[PDB]
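>>> sequence-free structure coming up:
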Ligand SMILES: Nc1ncnc2c1ncn2[C@@H]1O[C@H](COP(=O)(O)OP(=O)(O)OP(O)(O)=S)[C@@H](O)[C@H]1O
Ligand SMILES: Nc1ncnc2c1ncn2[C@@H]1O[C@H](COP(=O)(O)OP(=O)(O)OP(O)(O)=S)[C@@H](O)[C@H]1O
């Protein structure tokens, strides 16, 4: 999974 | 005893030190894999993406990439040929900002999070 | 007052401003200087890489003299460079040359004045030259250059300087080997960064600072015959001829689109009283084909203005920076006397680089290699010069940068529908390669392929050059059953020196130098000799193969393909027969059980280091009948490409599908003669039917079976 | 690349062609490199594949 | 054939020692006797293409003009390091405004060394 | 150095290259140094290294 702000 | 059959025993004489390498313990691989992300930074030092990996990410790698018998080549393959695949894909469209403190972690979910923080 | 027109002037060139400002090299300069001042012979020679700078170092010395960064024993002197044409061409008669030899050397020995000599190539003095045309190997200066009377500075290259050693072995102790080092890429960044003032004032176009680093580092891993300062400097001068052509006047893309107006519409006039056959079918096409062409016309001129509108914005707002700074540059910086525009107008000007320039950053990903109105230097425009110069064919992997690469999985899925997990690993490798990602010394795209004889083991492979490179020329078939001999190792790496075929370089080493970005087959590995496999374990491991020249070959961005049979001994009793249902409960676990047993064969024939070498081993399932529906149908799409001259359009109903399969297919032969089963019954008799006048020009053959075991001659308009 | 020396036929790679043959500008494979770089780390990658006669050169 | 033989390097110590006044009086700098014996032993162990009475002389010839650069001019380090101060400050003067996000670290490379280089000075 | 005489066509380092080929200057490689110093001890490092063609020279 990607976790971007 | 094999170096006097194959290598004609004068080679046993002429060589100063015959070093014999151990197979890799898992205690080394917490560092050896960690060294490769620093060498991976050198191939993304143009891109300025600083990939930081903790031991909570290393343990998932070793359990599903390491046999001792091959001496941790495929663990290396496991980084490049699997998890490095969509570091490349997410950069293609506008999903990887060129300055993000990229971090890898596992919530014990058998599932990976790559954490992007500016 | 010597004439010096016999050679050429050298000091006055820096007085003329032609050489003002040279990046120094302090370890190299003193090696020249400390050669010059000793009691004994005073003969430095620059020996080093051809790709390094030879002449430019001595040109740096003249700038060191005029500024006074020289010792007292070296002040005031003048270099003399030599025009080698004037030796032999000045010999109009025999008695008229050697007086100039007296005119030079009497100014060499007891002149005691401004004297520094330079030689472009000493090969033009000793390797070439008649005894009567000037200095040869048999002339003077041999017993003179013992003494420290005459001070010359030469420049030769290493492997050619080895001719002087083998010539007579007497100049070896008269001249001085000063080794010239390669300039170590991170210093060439500092060289080109010092050269930002000159090229930007040479032709005006702004040069980004990302691409300057990228002009050097990409020159490393790809270009071999040139070396570090030549690669770093020629590309920026080759950045001229891409930018100077396009940014001056109209660009080339608009000129390309203007060609299709007159070339294509010319053929409408060429068919007026031409009531002969098929060619009037183009009127169903050419009107619709012009609607395909002219919609591309309307978008480009609209986009050209918008990009030109960015030129109207950028070129004026950069002029505002001179107002905002120069007032502050003289003691207002120590006083910050406007707290008005130093925060407001400056940041908003930066916001225009954060808005108008990022759109030009966003302009790159659809204008990957060209540039309609772009004054920057993007890294892909630098690497396009590599595509323009190196062995790159036309439109390919890299020409569709970063956006078509995700779509390359689709086109490769239009070859072999079956075996996704193989192509998925094939999908990522191109994404590793052409997307500016990690290109290791591991060659990108190394894959082992296993399956029964018949399945699309090398099908995958042909399409990786037919569809990716669109050229069919990067394919290198290697019959590994031609390497069954123990002597056949030398056919790849070349022959050892002095022996038969040393003028050759090796069969596969030579083809990679002609095409450094290609796909590499190895066809029939199960018959190949066991010691040829000993060679490949370093080819997959490292890029480098040394040769008869000891030349370095890289295999970066080269997909190496490892097709081999190895499965008919294990696919033995038709284990996967009728795998049409594909078997979630059992079939899947058979593919686990089979593939580990094939790694056992990779432990058995190969001495299993190949497992450590190969990135990913793929195993082909045999063809299912659900696969055989669409896969056999693809040949009928390419059937109409060769037979549109014949203009028989064969239509295949679904009834015609299973008649071909159910009399011919087995999992042994992997649907190989099924396409021959197409060719062996119906395709032979088209040649006879074309002779007489039945199905010649416009006859729609409807091929069908009504469980009647015969092709039908039911025909339409 | 020590995988190339599987031949006994390939020993004259290292020490050079004997005289009366092609290589004279090429004096040899490992010979000329050490003259160009006398401060070096000379690799020998895969000895188990090189032929026993190549090892006779390494004896000295 | 009156064959000249090489001069048997332990004897070439006496050859160099006879020539010391022709180097000391030539330009001014003294030559220690410790460097003579070491100048012979480098001719044996290391260089083999040139021959024996040259290499004992030609190193000391290079030992002559080496110290002339220091004493009759600027010394080594002061001459070298002041230019890198000038060259890197030239490279800042080539930049003078960039885009951010990449060159930020490059501003944080060249500028920070100037405090380091001048404290070395 | 006996290591350079492993191959059969390596005899030409003893008696030089045969005439009419590329070379023939420095007419022998052995038997030039022997002519330079005819009072000397001539070594042969091993003997088992050499091809049997070399030994026919040493019989002479
Ligand atoms: N230190 C340097 N600074 C700037 N440009 C350099 C430098 N070294 C080489 N060049 C460039 O190199 C080009 C000339 O090639 P050079 O290799 O310098 O010539 P060379 O050293 O004589 O090599 P040869 O002998 O001609 S094959 C010119 O474009 C120079 O500007
Ligand atoms: N998915 C597929 N797409 C297109 N063609 C296929 C496919 N599967 C099989 N084929 C056909 O089978 C051929 C594959 O070539 P090969 O791989 O050489 O066959 P092979 O009998 O396994 O020979 P090898 O692999 O060299 S031992 C092609 O000519 C195709 O026409």
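Thanks, I have it. Residues are numbered from 1 along each chain as shown, chains lettered A, B, ... in the order given. Ligands and ions are numbered 1, 2, ... in the order given.
>>> Tell me which strands the strand of greatest length in chain B pairs with, and in which orientation.
What stands out as the longest strand in chain B, according to DSSP state E, is strand B:101-106. According to DSSP bridges, strand B:101-106 forms sheet pairs with strand B:50-53 (parallel), strand B:112-115 (antiparallel).
>>> of all those strands, which lies closest to ligand 2?
Nearest of the strands paired with strand B:101-106 to ligand 2, taken as CB to the nearest ligand atom: strand B:112-115 at 32.7 Å. Where C-beta positions appear, they are placed from N, C-alpha and C, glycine not excepted.
>>> who touches the closest one?
For strand B:112-115, the surrounding residues in contact (CB atoms under 8 Å, 6 or more residues apart in numbering or on different chains) are A:1-3, B:57, B:60, B:83, B:87, B:102-107.
>>> sorry, back to before: dump the strands paired with strand B:101-106 into TSV; add distance to residue B:26 as well.
Putting the strands paired with strand B:101-106 into TSV (distance: least, CB to CB, whole Å) gives the following:
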stretch	distance to residue B:26
strand B:50-53	16
strand B:112-115	20
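>>> Including distance to residue B:3 and mean neighbour count, could the ones you listed go into JSON lines?
Formatted as JSON lines, the strands paired with strand B:101-106 follow (distance: least, CB to CB, whole Å; neighbours: other CB atoms under 10 Å in any protein chain shown):
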{"stretch": "strand B:50-53", "distance to residue B:3": "40", "mean neighbour count": "17"}
{"stretch": "strand B:112-115", "distance to residue B:3": "45", "mean neighbour count": "16"}
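>>> Grab the most central residue of chain B for me.
In chain B, the residue lying closest to the centroid (CA atoms, centre = their mean) is residue B:33, at 3.5 Å.
>>> Now name the helix or strand holding that one.
Here residue B:33, judged by DSSP states H and E, is contained in helix B:26-41.
>>> in that helix, what counts as buried?
Within helix B:26-41, the residues that qualify as buried by neighbour count (16 or more other CB atoms under 10 Å in any protein chain shown) are B:29, B:33, B:37, B:40.
>>> Quick check, the first one in contact with residue B:72.
Translated: residue B:29. Yes. Using CB atoms under 8 Å, residue B:29 is in contact with residue B:72, at 6.2 Å.
>>> intersection of neighbour lists for these two?
residue B:66.
>>> returning to what we had before: which strands and helices sit next to the helix holding residue B:33?
strand B:50-53, helix B:55-63, helix B:73-78 (3 or more CB pairs under 8 Å, 6 or more residues apart in numbering or on different chains; DSSP states H and E).
>>> looking at these, which is closest to residue B:44?
Closest to residue B:44 of the helices and strands packed on helix B:26-41 is strand B:50-53 (CB to CB; 7.1 Å).
>>> The residue lying closest to residue B:52 once chain neighbours are set aside: neighbour count?
With CB to CB, 6 or more residues apart in numbering or on different chains as the criterion, residue B:52 has its nearest non-adjacent residue at 5.1 Å, and that residue is residue B:103. Using other CB atoms under 10 Å in any protein chain shown, residue B:103 is surrounded by 17 other residues.
>>> Contact partners for residue B:95?
Taking CB under 8 Å, 6+ apart, we find residue B:95 in contact with A:2, A:4.
>>> returning to that earlier point: compile the strands paired with strand B:101-106 into a markdown table and extend it with columns for distance to ligand 2.
Converted to a markdown table, those look like this (distance: least, CB to the nearest ligand atom, whole Å):
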| stretch | distance to ligand 2 |
| --- | --- |
| strand B:50-53 | 38 |
| strand B:112-115 | 33 |
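>>> Would you agree residue B:33 is in contact with residue B:58?
Yes. If you go by CB under 8 Å, residue B:33 and residue B:58 touch, sitting 5.7 Å apart.
>>> gap between whichever residue of chain B sits closest to chain D and chain E?
Proximity to chain D, evaluated over chain B using CB to the nearest CB, is greatest for residue B:10 at 5.8 Å. Using CB to the nearest CB, to the nearest Å, residue B:10 is found at 24 Å from chain E.
>>> Now do the phi/psi pair for the residue nearest to that residue when sequence neighbours are not counted.
Excluding its sequence neighbours, the residue lying closest to residue B:10 (CB to CB, 6+ apart) is residue D:59, at 5.8 Å. Backbone geometry at residue D:59, expressed as degrees, to the nearest 10, gives phi -60, psi -30.
>>> Next, count neighbours for residue B:58.
Count around residue B:58 with other CB under 10 Å applied: 21.
>>> contacting residues for it?
Applying CB under 8 Å, 6+ apart to residue B:58 gives the contacts B:29, B:30, B:33, B:34.
>>> For the residue of chain B at minimum distance from ligand 1, which residues are in contact?
Nearest residue of chain B to ligand 1: residue B:46, at 23.0 Å (CB to the nearest ligand atom). Applying CB under 8 Å, 6+ apart to residue B:46 gives the contacts C:210, C:213, C:214, C:217.
>>> Check residue B:96 too.
Contacts were defined as CB under 8 Å, 6+ apart; by that measure residue B:96 touches B:49, B:87, B:90, B:116.
>>> List buried residues within the residues you listed.
Neighbour-count burial (16+ other CB under 10 Å) is assigned, among the contacts of residue B:96, to B:49, B:87, B:116.
>>> before we move on, back to that, bridging residues for the residue nearest to residue B:52?
Beta bridges link residue B:103 to residue B:52, residue B:115, judged by DSSP bridges.
>>> That one contacts residue B:49, doesn't it?
No. Residue B:103 is beyond contact range of residue B:49, at 11.1 Å (criterion: CB under 8 Å).
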